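Participant: Please read through the structure below; I'll follow up with questions.
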Amino acid sequence: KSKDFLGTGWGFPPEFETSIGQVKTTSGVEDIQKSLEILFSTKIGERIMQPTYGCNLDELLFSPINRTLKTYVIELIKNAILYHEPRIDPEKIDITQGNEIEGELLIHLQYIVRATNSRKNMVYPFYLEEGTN
Amino acid sequence: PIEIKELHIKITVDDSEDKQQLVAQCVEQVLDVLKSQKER
Amino acid sequence: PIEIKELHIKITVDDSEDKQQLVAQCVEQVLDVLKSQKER
Amino acid sequence: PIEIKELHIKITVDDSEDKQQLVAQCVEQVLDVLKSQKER
Amino acid sequence: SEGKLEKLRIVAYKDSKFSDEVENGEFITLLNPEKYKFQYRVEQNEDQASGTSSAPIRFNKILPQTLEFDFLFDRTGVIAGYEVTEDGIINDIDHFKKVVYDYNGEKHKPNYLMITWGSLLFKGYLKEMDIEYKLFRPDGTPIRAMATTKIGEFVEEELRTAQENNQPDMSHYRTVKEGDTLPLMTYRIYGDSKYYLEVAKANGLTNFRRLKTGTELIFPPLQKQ
Amino acid sequence: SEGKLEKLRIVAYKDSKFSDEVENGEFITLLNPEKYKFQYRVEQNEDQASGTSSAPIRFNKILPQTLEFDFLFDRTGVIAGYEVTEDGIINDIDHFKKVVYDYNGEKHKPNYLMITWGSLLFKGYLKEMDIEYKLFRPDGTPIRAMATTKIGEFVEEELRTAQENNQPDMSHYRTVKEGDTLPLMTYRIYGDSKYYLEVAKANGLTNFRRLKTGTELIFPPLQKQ
Amino acid sequence: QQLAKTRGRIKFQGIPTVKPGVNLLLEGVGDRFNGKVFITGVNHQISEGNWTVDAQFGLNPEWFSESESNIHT
Amino acid sequence: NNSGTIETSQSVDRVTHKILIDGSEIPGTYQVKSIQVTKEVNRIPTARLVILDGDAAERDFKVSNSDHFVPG
């Protein structure tokens, strides 16, 4: 019960059970992994009063793969995390092409979960006295 | 200053207006020190 | 000065603290002239 | 100034008298501002 | 596409988050610069008293960064891949100035710039420019010019606090390994060994002089007022 | 007339709109300069607090421009097309100074200048000049001289506000395309999504959560004081 | 008047404990001034990388009724 | 104390501070340029804060418009 500032919440593809009248929830590291799935699945203007939430990775569809592109991809990913996921620090972004013919680009993101609580983390019994900005 | 009572007339020297800006800052900080001393 | 009543707050300009030392000397010599005039 | 009441003693620094002339101009303009405020 | 010679690009932007492009606001060069240069400055406070042999220099702040490079414009007709134009370099320089220099009445300022070439990616604003005109046609049309440029660096204030993840103010957790003691761990987290009885009370420990090697502890922050 | 070698000209003017010519106030050179040079400067405010890693940068001003070039006067007799004069270069330099330097008692100032050569067109004021005399006839008549010049830039204040078409203060209209929402369009026009209920009331919209894709909307300005 | 006998200012690296109404020990400034001094005022200045404090010692012999203006209508 | 120095709890390499209004910290976007505090016998104590603000390109002052530095 030491790791209570990562928090608890709804699972992303919310599932409803009938063996008990409840919706499944996630916590800790599991919760972090689903947060990342949400962020990179939504476009910048799709939320109603949150006009700047999501990412622009679609800009790179139907384009050739080179050094300039790879640099741009890395920048897009790092900024989305700095703005929207306070609980982690990116470690490495590995961008490679696994198919000579099929139009595939493979991106592998590795990251580290923070041991100390961020000033941007809105978890209920903490942000009240620790959420300065 | 918030008062036109404390401005001085500007006279320059043809020695050939950097020195005009330094003297104007010194008059500003003296008159703020004199005003703060009359506070309770 | 022998009194903390006459010090001013220090504000510098990022124009790129030599000018801070010149203004502080001018406040010191003005307030000594004002004190000497009240002598008999 | 038209009065010897407002002159200060001259102390220089052996740092190796340009700065002496700048401080003397700032004392002159402050005391003219203080005199003009007592006019009606 | 390794074999492709990439060319340097500059794009103009409307907002401080760099997501809303200026329309027709992209410049692509025809000849790459030879080199480019960066500059980094850190400032310290160095006051000391008389009679002493050294000062413990203190951190003040980190100053903004700087990038510099040079460009060449030429439409004479000896460079493979390009054509000679009726008006020379007149439209190349006018489009370059519209992107990097000209005042924009929609935002009441010049444009935000993103500079990309290969590994390089830089955001900021223009500070300085010099353009010198070298060759001319007989009727006074220029066909060669040289430009020197200086760019400053821009960070938005919401992104500065996220990059400076500033952390006695926040909460912390550790796991006990064999060899740990409570006053040594308190010193590395708070800077002082004297808080060990407050850490033990917040965790419900009675025998704190022997810690078991699987326990997860919390370390609360210090109170502020 | 492509094959014609054009020569640089300078004309003097009386008014700040450049429509009333000074009589006998036009200079034409006999030899063109080799090159010319421009200068551009933008100033920013760079104050920051101690303890931080970057400063909050704010645009301040665009400073005036500068043009520089050099001239050569020679009446020795080896340049094709010209004649040797009885008095050398005396009348060439005296006419050049009357145009660009001399005080005009009708306007209580020196003249406004327009400089044209090919693609170049520049309006402003003389700041600096140096003239050096090189060769002489035995009786002391000069036949060769070199001149260096620096010109500043002039904009009239009525034309500055028309070039800075400065626009939450003015009115706006858009047409609805498919994919638009009312709070996203309000954010791009005002900078904040919270004004969407005032935009819907000014257009008579009841079902604003579904917009039809041919509607033209108005966006009124925000009120002052 | 006796507390106005010796007056002055001492500037040094800042700490949070010097407040009006405390004593400091002053050394190395000559026999005329060395000894224990009573603090009558403090100025804390924090900027550009450092925290310094100006400590004031001794009293001004003047009374409130003599030096302050606008006491009366 | 004959140590020849001034006793502090930590190294003097890094100076830190906090500003609390009505019980909590002002957001870390505000840049405080300078802080002054004075106290003296027979006078009322005072303090001053210098905050960087204002932008000519926006035509406004965001900190001034906030409810943090309002009299009272």
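To be explicit about the labels: the chains of the structure tokens are called A, B, and onward in the order shown, and within each one the residues are counted from 1, while ligands get numbers from 1 in the order they are shown.
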What would you get as a compact mmCIF listing (two decimals) with C-alpha atoms, in the first residue's frame if chain E were moved onto chain F by least squares over all of its C-alpha atoms in order?
Facilitator:
# COMPACT_ATOMS: atom_id res chain seq x y z
CA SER E 1 16.32 46.13 -74.21
CA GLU E 2 17.69 43.15 -72.32
CA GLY E 3 21.11 43.92 -73.77
CA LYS E 4 21.20 47.40 -72.24
CA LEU E 5 23.49 47.94 -69.25
CA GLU E 6 21.29 49.80 -66.78
CA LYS E 7 22.84 52.47 -64.54
CA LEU E 8 21.91 53.28 -60.94
CA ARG E 9 19.79 56.39 -60.27
CA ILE E 10 18.94 58.50 -57.21
CA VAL E 11 16.04 61.01 -57.17
CA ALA E 12 15.18 63.56 -54.47
CA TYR E 13 11.63 64.16 -53.20
CA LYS E 14 9.80 66.82 -51.19
CA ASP E 15 7.02 64.93 -49.40
CA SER E 16 6.72 61.77 -47.33
CA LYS E 17 4.43 60.16 -49.93
CA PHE E 18 7.13 60.46 -52.65
CA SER E 19 5.03 62.21 -55.31
CA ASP E 20 6.51 65.76 -55.56
CA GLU E 21 9.95 65.85 -57.16
CA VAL E 22 12.68 68.34 -56.32
CA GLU E 23 13.51 70.30 -59.47
CA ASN E 24 16.89 69.31 -60.98
CA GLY E 25 17.21 66.67 -58.27
CA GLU E 26 18.15 63.50 -60.14
CA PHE E 27 21.59 61.87 -60.10
CA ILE E 28 22.72 59.16 -62.54
CA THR E 29 26.01 57.37 -62.00
CA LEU E 30 28.56 56.63 -64.72
CA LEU E 31 29.93 53.45 -63.13
CA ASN E 32 27.84 50.96 -61.17
CA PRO E 33 28.86 49.65 -57.74
CA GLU E 34 30.25 46.11 -57.50
CA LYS E 35 27.82 44.93 -54.80
CA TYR E 36 25.44 46.12 -52.10
CA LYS E 37 24.45 44.91 -48.66
CA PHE E 38 21.39 44.84 -46.37
CA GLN E 39 21.02 44.48 -42.59
CA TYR E 40 18.09 43.18 -40.52
CA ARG E 41 17.67 43.18 -36.72
CA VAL E 42 14.91 41.87 -34.43
CA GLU E 43 14.96 42.56 -30.67
CA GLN E 44 13.60 40.37 -27.88
CA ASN E 45 13.10 40.65 -24.12
CA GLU E 46 15.08 37.99 -22.24
CA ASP E 47 14.52 38.47 -18.49
CA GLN E 48 14.37 35.30 -16.41
CA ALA E 49 14.35 34.36 -12.75
CA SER E 50 17.13 32.58 -10.91
CA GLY E 51 16.93 28.81 -10.52
CA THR E 52 15.41 28.17 -13.94
CA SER E 53 16.72 26.38 -17.01
CA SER E 54 15.27 28.48 -19.84
CA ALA E 55 13.34 31.63 -20.63
CA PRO E 56 10.43 32.04 -23.00
CA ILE E 57 11.92 34.86 -25.06
CA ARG E 58 9.46 37.61 -25.93
CA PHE E 59 9.03 39.80 -29.01
CA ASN E 60 10.01 43.43 -28.51
CA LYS E 61 10.36 45.22 -31.90
CA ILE E 62 11.83 45.28 -35.38
CA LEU E 63 14.67 47.79 -35.89
CA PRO E 64 15.16 49.95 -39.02
CA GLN E 65 17.04 48.65 -42.06
CA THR E 66 20.36 49.70 -43.59
CA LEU E 67 21.90 49.78 -47.09
CA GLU E 68 25.57 50.28 -48.01
CA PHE E 69 27.54 50.64 -51.27
CA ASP E 70 30.61 52.33 -52.83
CA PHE E 71 31.09 54.65 -55.85
CA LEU E 72 33.92 55.60 -58.19
CA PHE E 73 34.22 58.87 -60.14
CA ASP E 74 36.76 59.04 -62.97
CA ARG E 75 37.24 61.35 -65.98
CA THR E 76 40.71 60.31 -67.19
CA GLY E 77 39.69 59.12 -70.66
CA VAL E 78 40.01 55.33 -70.93
CA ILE E 79 36.36 54.35 -70.41
CA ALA E 80 34.40 53.95 -73.65
CA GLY E 81 31.36 56.16 -74.13
CA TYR E 82 32.40 59.25 -72.16
CA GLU E 83 34.40 62.41 -72.82
CA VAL E 84 37.12 64.23 -70.94
CA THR E 85 35.80 67.43 -69.39
CA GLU E 86 37.67 70.70 -68.86
CA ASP E 87 37.05 70.63 -65.10
CA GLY E 88 37.25 66.89 -64.44
CA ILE E 89 34.97 65.55 -61.73
CA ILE E 90 34.14 68.92 -60.09
CA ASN E 91 30.59 69.16 -61.41
CA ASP E 92 29.86 65.44 -60.90
CA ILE E 93 30.55 65.58 -57.16
CA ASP E 94 28.83 68.94 -56.66
CA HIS E 95 25.63 67.64 -58.26
CA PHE E 96 25.80 64.42 -56.23
CA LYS E 97 26.07 66.36 -52.95
CA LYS E 98 23.21 68.70 -53.84
CA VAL E 99 20.89 65.71 -54.19
CA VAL E 100 21.82 63.57 -51.19
CA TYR E 101 23.40 65.86 -48.57
CA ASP E 102 22.47 69.55 -48.75
CA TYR E 103 19.93 71.22 -46.46
CA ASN E 104 16.72 72.39 -48.15
CA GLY E 105 15.26 75.64 -46.82
CA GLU E 106 11.80 74.92 -48.22
CA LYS E 107 11.35 71.87 -45.96
CA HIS E 108 13.93 72.71 -43.20
CA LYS E 109 15.73 69.36 -43.72
CA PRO E 110 17.70 67.29 -46.27
CA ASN E 111 15.85 65.48 -49.06
CA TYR E 112 13.91 62.22 -49.24
CA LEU E 113 15.70 59.74 -51.49
CA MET E 114 14.56 56.96 -53.80
CA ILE E 115 17.28 54.58 -55.03
CA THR E 116 16.52 52.40 -58.06
CA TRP E 117 18.68 49.93 -59.99
CA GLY E 118 17.13 46.91 -61.67
CA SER E 119 15.24 44.96 -59.02
CA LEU E 120 16.25 47.34 -56.21
CA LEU E 121 13.96 50.07 -54.85
CA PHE E 122 14.76 51.75 -51.53
CA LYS E 123 13.45 54.87 -49.74
CA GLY E 124 15.18 56.70 -46.93
CA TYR E 125 17.82 59.17 -45.88
CA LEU E 126 21.57 59.57 -45.83
CA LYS E 127 23.46 58.90 -42.61
CA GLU E 128 27.17 58.81 -43.50
CA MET E 129 29.55 59.70 -46.32
CA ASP E 130 33.31 59.73 -46.93
CA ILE E 131 34.96 61.12 -50.09
CA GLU E 132 38.67 60.60 -50.86
CA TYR E 133 40.43 62.41 -53.74
CA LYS E 134 43.09 60.41 -55.59
CA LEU E 135 44.46 61.88 -58.86
CA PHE E 136 45.00 65.49 -59.89
CA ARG E 137 45.97 67.54 -62.91
CA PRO E 138 49.14 69.70 -62.46
CA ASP E 139 47.05 72.81 -61.68
CA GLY E 140 45.15 70.95 -58.94
CA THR E 141 42.03 69.77 -60.75
CA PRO E 142 40.85 66.36 -59.46
CA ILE E 143 40.11 63.56 -61.92
CA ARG E 144 39.45 60.57 -59.62
CA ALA E 145 37.59 60.03 -56.33
CA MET E 146 36.00 57.27 -54.23
CA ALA E 147 32.87 57.53 -52.06
CA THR E 148 31.36 55.30 -49.34
CA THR E 149 27.72 55.72 -48.34
CA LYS E 150 25.21 54.50 -45.72
CA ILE E 151 21.42 54.86 -46.13
CA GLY E 152 18.67 54.43 -43.54
CA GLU E 153 15.09 53.36 -44.17
CA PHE E 154 11.93 55.49 -44.02
CA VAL E 155 8.30 54.40 -43.58
CA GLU E 156 5.48 56.90 -43.17
CA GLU E 157 3.22 56.14 -40.20
CA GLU E 158 0.02 55.85 -42.19
CA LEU E 159 1.61 53.17 -44.34
CA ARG E 160 2.99 51.24 -41.35
CA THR E 161 -0.48 50.48 -39.98
CA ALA E 162 -1.68 49.42 -43.45
CA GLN E 163 1.22 46.97 -43.79
CA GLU E 164 0.70 45.69 -40.23
CA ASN E 165 -2.91 44.69 -40.85
CA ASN E 166 -3.49 44.15 -37.13
CA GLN E 167 -6.51 41.99 -36.40
CA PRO E 168 -11.08 39.26 -30.46
CA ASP E 169 -11.16 42.80 -31.91
CA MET E 170 -12.71 42.40 -35.38
CA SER E 171 -15.51 40.41 -37.01
CA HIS E 172 -15.11 37.09 -38.81
CA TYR E 173 -17.13 34.64 -40.91
CA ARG E 174 -16.63 30.97 -41.81
CA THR E 175 -18.50 28.26 -43.69
CA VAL E 176 -19.18 24.94 -41.97
CA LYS E 177 -17.40 21.93 -43.47
CA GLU E 178 -18.00 18.32 -42.50
CA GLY E 179 -15.89 17.44 -39.48
CA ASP E 180 -16.27 20.80 -37.71
CA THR E 181 -17.47 21.22 -34.14
CA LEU E 182 -18.44 24.45 -32.42
CA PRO E 183 -15.99 24.31 -29.43
CA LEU E 184 -13.00 23.49 -31.65
CA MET E 185 -13.72 26.41 -34.01
CA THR E 186 -14.15 28.79 -31.07
CA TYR E 187 -10.71 27.80 -29.75
CA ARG E 188 -8.97 28.60 -33.03
CA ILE E 189 -10.59 32.03 -33.33
CA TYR E 190 -10.55 33.31 -29.74
CA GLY E 191 -7.92 31.18 -28.02
CA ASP E 192 -10.44 29.63 -25.61
CA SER E 193 -13.22 27.06 -25.99
CA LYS E 194 -15.51 28.67 -23.42
CA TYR E 195 -17.25 31.18 -25.71
CA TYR E 196 -19.26 28.56 -27.64
CA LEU E 197 -22.60 29.47 -26.05
CA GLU E 198 -22.21 33.13 -27.05
CA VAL E 199 -21.42 32.18 -30.65
CA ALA E 200 -24.51 29.97 -30.79
CA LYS E 201 -26.78 32.70 -29.41
CA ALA E 202 -25.52 35.27 -31.91
CA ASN E 203 -26.38 32.90 -34.79
CA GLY E 204 -29.75 31.63 -33.53
CA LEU E 205 -28.61 28.02 -33.14
CA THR E 206 -30.54 25.62 -30.93
CA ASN E 207 -29.06 22.29 -32.01
CA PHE E 208 -25.44 23.41 -31.99
CA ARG E 209 -24.09 19.92 -31.23
CA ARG E 210 -24.75 18.92 -34.83
CA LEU E 211 -23.85 21.53 -37.46
CA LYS E 212 -25.10 21.29 -41.04
CA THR E 213 -22.37 21.49 -43.64
CA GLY E 214 -23.42 24.56 -45.63
CA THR E 215 -24.05 27.11 -42.86
CA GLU E 216 -22.25 30.45 -42.74
CA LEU E 217 -21.65 31.68 -39.17
CA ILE E 218 -20.54 35.04 -37.76
CA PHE E 219 -18.00 35.45 -34.96
CA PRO E 220 -18.47 38.80 -33.15
CA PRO E 221 -15.60 40.48 -31.29
CA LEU E 222 -15.39 40.67 -27.51
CA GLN E 223 -16.60 43.81 -25.78
CA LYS E 224 -13.90 46.17 -24.54
CA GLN E 225 -15.16 48.06 -21.47
Participant: Specify as a ChimeraX atom specification all residues of chain D found within 9 Å of chain C, counting only C-alpha atoms.
Facilitator: /D:5-8,19,22-24,26-27,30-31
Participant: For chain A versus chain E, which residues have an atom no more than 6 Å away, and what is each residue's nearest atom pair and distance in Å rounded to one decimal, using only C-alpha atoms, chain-then-number order, as a Markdown table?
Facilitator:
| residue | atom | partner | partner_atom | distance |
| --- | --- | --- | --- | --- |
| A:2 | CA | E:218 | CA | 5.6 |
| A:67 | CA | E:118 | CA | 5.8 |
| A:68 | CA | E:118 | CA | 4.7 |
| A:116 | CA | E:172 | CA | 4.8 |
| A:117 | CA | E:171 | CA | 5.7 |
Participant: What does the file look like for those residues with N, CA and C atoms, as an mmCIF file, in the first residue's frame?
Facilitator:
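Just written: result.cif:
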data_model
loop_
_atom_site.group_PDB
_atom_site.id
_atom_site.type_symbol
_atom_site.label_atom_id
_atom_site.label_comp_id
_atom_site.auth_asym_id
_atom_site.auth_seq_id
_atom_site.Cartn_x
_atom_site.Cartn_y
_atom_site.Cartn_z
ATOM 1 N N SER A 2 2.135 1.024 -0.313
ATOM 2 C CA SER A 2 3.133 2.074 -0.524
ATOM 3 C C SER A 2 2.927 2.832 -1.851
ATOM 4 N N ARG A 67 16.162 9.157 -42.211
ATOM 5 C CA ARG A 67 16.681 9.756 -40.977
ATOM 6 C C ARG A 67 15.870 10.958 -40.499
ATOM 7 N N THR A 68 15.361 11.772 -41.426
ATOM 8 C CA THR A 68 14.608 12.956 -41.031
ATOM 9 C C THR A 68 13.299 12.542 -40.396
ATOM 10 N N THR A 116 8.830 8.473 -7.439
ATOM 11 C CA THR A 116 8.455 9.672 -6.691
ATOM 12 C C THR A 116 7.260 10.308 -7.385
ATOM 13 N N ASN A 117 6.413 11.057 -6.672
ATOM 14 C CA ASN A 117 5.173 11.580 -7.224
ATOM 15 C C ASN A 117 5.325 12.932 -7.926
#
Participant: Write out as a tab-separated table the residues of chain G that have any atom within 10 Å of an atom of chain C, one row each with the nearest atom pair and its distance in Å to one decimal, counting only C-alpha atoms, sorted by chain and then rising number.
Facilitator:
residue	atom	partner	partner_atom	distance
G:7	CA	C:2	CA	6.9
G:8	CA	C:2	CA	4.6
G:9	CA	C:2	CA	5.2
G:10	CA	C:2	CA	8.9
G:40	CA	C:3	CA	9.8
G:41	CA	C:4	CA	7.0
G:42	CA	C:4	CA	7.1
G:43	CA	C:4	CA	6.5
G:45	CA	C:9	CA	7.7
G:46	CA	C:10	CA	9.0
G:47	CA	C:10	CA	7.8
G:48	CA	C:12	CA	8.8
G:54	CA	C:4	CA	7.2
G:55	CA	C:4	CA	7.9
G:56	CA	C:3	CA	6.5
G:57	CA	C:2	CA	8.5
G:58	CA	C:2	CA	9.5
G:59	CA	C:3	CA	9.9
G:60	CA	C:3	CA	9.5
Participant: Got a sec to pull out which chain H residues are within 10 Å of chain E, counting only C-alpha atoms, and send them as an mmCIF file with N, CA, C and O atoms, in the first residue's frame?
Facilitator:
data_model
loop_
_atom_site.group_PDB
_atom_site.id
_atom_site.type_symbol
_atom_site.label_atom_id
_atom_site.label_comp_id
_atom_site.auth_asym_id
_atom_site.auth_seq_id
_atom_site.Cartn_x
_atom_site.Cartn_y
_atom_site.Cartn_z
ATOM 1 N N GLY H 4 35.410 29.682 11.794
ATOM 2 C CA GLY H 4 35.788 30.552 10.693
ATOM 3 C C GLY H 4 34.710 30.666 9.626
ATOM 4 O O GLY H 4 34.920 31.296 8.594
ATOM 5 N N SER H 9 22.660 24.397 7.658
ATOM 6 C CA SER H 9 22.370 22.967 7.682
ATOM 7 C C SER H 9 22.831 22.207 6.448
ATOM 8 O O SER H 9 23.117 21.012 6.520
ATOM 9 N N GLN H 10 22.939 22.909 5.332
ATOM 10 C CA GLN H 10 23.333 22.323 4.070
ATOM 11 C C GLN H 10 24.392 23.183 3.413
ATOM 12 O O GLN H 10 24.732 24.254 3.915
ATOM 13 N N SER H 11 24.893 22.721 2.276
ATOM 14 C CA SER H 11 25.812 23.495 1.454
ATOM 15 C C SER H 11 25.111 24.733 0.967
ATOM 16 O O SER H 11 23.898 24.726 0.804
ATOM 17 N N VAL H 12 25.843 25.795 0.694
ATOM 18 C CA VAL H 12 25.176 27.005 0.233
ATOM 19 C C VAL H 12 25.147 27.125 -1.289
ATOM 20 O O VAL H 12 24.842 28.182 -1.831
ATOM 21 N N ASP H 13 25.417 26.016 -1.962
ATOM 22 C CA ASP H 13 25.378 25.884 -3.415
ATOM 23 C C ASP H 13 24.020 26.166 -4.064
ATOM 24 O O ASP H 13 23.972 26.645 -5.194
ATOM 25 N N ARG H 14 22.907 25.835 -3.402
ATOM 26 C CA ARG H 14 21.608 26.067 -4.018
ATOM 27 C C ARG H 14 20.574 26.651 -3.073
ATOM 28 O O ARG H 14 20.131 26.012 -2.120
ATOM 29 N N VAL H 15 20.118 27.845 -3.403
ATOM 30 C CA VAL H 15 19.120 28.548 -2.616
ATOM 31 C C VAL H 15 17.742 28.255 -3.174
ATOM 32 O O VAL H 15 17.540 28.346 -4.387
ATOM 33 N N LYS H 18 9.810 29.182 -1.199
ATOM 34 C CA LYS H 18 8.407 28.925 -1.506
ATOM 35 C C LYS H 18 7.552 30.119 -1.171
ATOM 36 O O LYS H 18 7.783 30.826 -0.185
ATOM 37 N N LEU H 20 3.579 30.953 -0.472
ATOM 38 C CA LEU H 20 2.281 30.377 -0.199
ATOM 39 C C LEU H 20 1.236 31.449 -0.068
ATOM 40 O O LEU H 20 1.425 32.433 0.653
ATOM 41 N N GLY H 23 -2.674 29.487 2.112
ATOM 42 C CA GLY H 23 -2.396 28.089 2.385
ATOM 43 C C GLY H 23 -1.705 27.249 1.300
ATOM 44 O O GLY H 23 -1.281 26.135 1.607
ATOM 45 N N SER H 24 -1.536 27.734 0.067
ATOM 46 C CA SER H 24 -0.872 26.864 -0.918
ATOM 47 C C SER H 24 0.058 27.561 -1.902
ATOM 48 O O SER H 24 -0.014 28.771 -2.126
ATOM 49 N N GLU H 25 0.966 26.779 -2.458
ATOM 50 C CA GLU H 25 1.983 27.267 -3.363
ATOM 51 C C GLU H 25 1.520 27.853 -4.686
ATOM 52 O O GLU H 25 0.693 27.278 -5.324
ATOM 53 N N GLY H 28 4.198 26.833 -10.441
ATOM 54 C CA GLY H 28 5.561 26.886 -10.971
ATOM 55 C C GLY H 28 5.696 27.317 -12.424
ATOM 56 O O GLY H 28 6.355 26.644 -13.212
ATOM 57 N N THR H 29 5.039 28.406 -12.790
ATOM 58 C CA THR H 29 5.103 28.944 -14.124
ATOM 59 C C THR H 29 5.432 30.384 -13.915
ATOM 60 O O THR H 29 5.832 31.097 -14.836
ATOM 61 N N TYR H 30 5.241 30.821 -12.679
ATOM 62 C CA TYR H 30 5.491 32.211 -12.346
ATOM 63 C C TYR H 30 6.964 32.341 -12.033
ATOM 64 O O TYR H 30 7.502 31.553 -11.258
ATOM 65 N N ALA H 56 3.682 42.408 -24.944
ATOM 66 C CA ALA H 56 3.270 43.400 -25.935
ATOM 67 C C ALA H 56 2.593 42.783 -27.140
ATOM 68 O O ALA H 56 1.859 43.460 -27.857
ATOM 69 N N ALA H 57 2.891 41.518 -27.414
ATOM 70 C CA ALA H 57 2.313 40.825 -28.547
ATOM 71 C C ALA H 57 0.919 40.293 -28.244
ATOM 72 O O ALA H 57 0.228 39.827 -29.147
ATOM 73 N N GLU H 58 0.509 40.318 -26.973
ATOM 74 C CA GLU H 58 -0.796 39.827 -26.568
ATOM 75 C C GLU H 58 -1.632 40.980 -26.092
ATOM 76 O O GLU H 58 -2.858 40.951 -26.167
ATOM 77 N N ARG H 59 -0.945 42.022 -25.673
ATOM 78 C CA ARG H 59 -1.641 43.124 -25.123
ATOM 79 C C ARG H 59 -2.178 42.800 -23.732
ATOM 80 O O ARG H 59 -3.330 43.038 -23.483
#
Participant: Can you work out the spacing between CA of residue 14 (chain A) and CA of residue 85 (chain A) in Å, to one decimal?
Facilitator: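 Value for the CA of residue 14 (chain A)-CA of residue 85 (chain A) distance: 20.2 Å.
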Participant: Find the residue from A:124, A:40, A:10, A:72 that sits nearest to residue 27 (chain A); use only C-alpha atoms when measuring.
Facilitator: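 Under the stated criterion, the closest residue is A:10.
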Participant: Could you pull out the residues in chain G that DSSP calls strand (DSSP E) from the backbone, as a PyMOL selection string?
Facilitator: chain G and resi 8-13+23-26+35-47+50-57
Participant: Can you measure CA of residue 30 (chain A) to CA of residue 70 (chain A) for me? One decimal in Å is fine.
Facilitator: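 About the pair CA of residue 30 (chain A) and CA of residue 70 (chain A): they are 28.6 Å apart.
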Participant: List as CSV every residue of chain G that is in contact with chain E, defined as an atom at most 12 Å from one of its atoms (using only C-alpha atoms), together with the nearest atom pair and the distance in Å rounded to one decimal, sorted by chain and then rising number.
Facilitator:
residue,atom,partner,partner_atom,distance
G:11,CA,E:49,CA,10.2
G:12,CA,E:49,CA,8.8
G:13,CA,E:48,CA,9.6
G:28,CA,E:51,CA,11.7
G:46,CA,E:60,CA,11.8
G:47,CA,E:60,CA,9.1
G:48,CA,E:60,CA,5.9
G:49,CA,E:60,CA,4.6
G:50,CA,E:45,CA,7.2
G:51,CA,E:45,CA,10.8
G:52,CA,E:47,CA,10.6
Participant: Selection from above, C-alpha atoms, as a CSV table (one decimal), in the first residue's frame, can you write it?
Facilitator:
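Listing of result_28.csv after writing:
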chain,number,residue,atom,x,y,z
G,11,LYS,CA,26.6,42.2,6.1
G,12,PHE,CA,27.0,38.4,5.9
G,13,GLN,CA,25.7,35.1,4.4
G,28,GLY,CA,38.3,41.6,14.1
G,46,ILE,CA,17.4,37.0,-2.0
G,47,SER,CA,18.4,37.2,-5.7
G,48,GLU,CA,20.6,36.0,-8.5
G,49,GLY,CA,21.8,32.8,-6.7
G,50,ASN,CA,22.3,34.0,-3.1
G,51,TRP,CA,20.7,34.9,0.2
G,52,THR,CA,22.4,37.6,2.3
Participant: With a cut-off of 12 Å and counting only C-alpha atoms, select all residues of chain C in contact with chain E and give the selection as an MDAnalysis selection string.
Facilitator: chainID C and resid 14:17
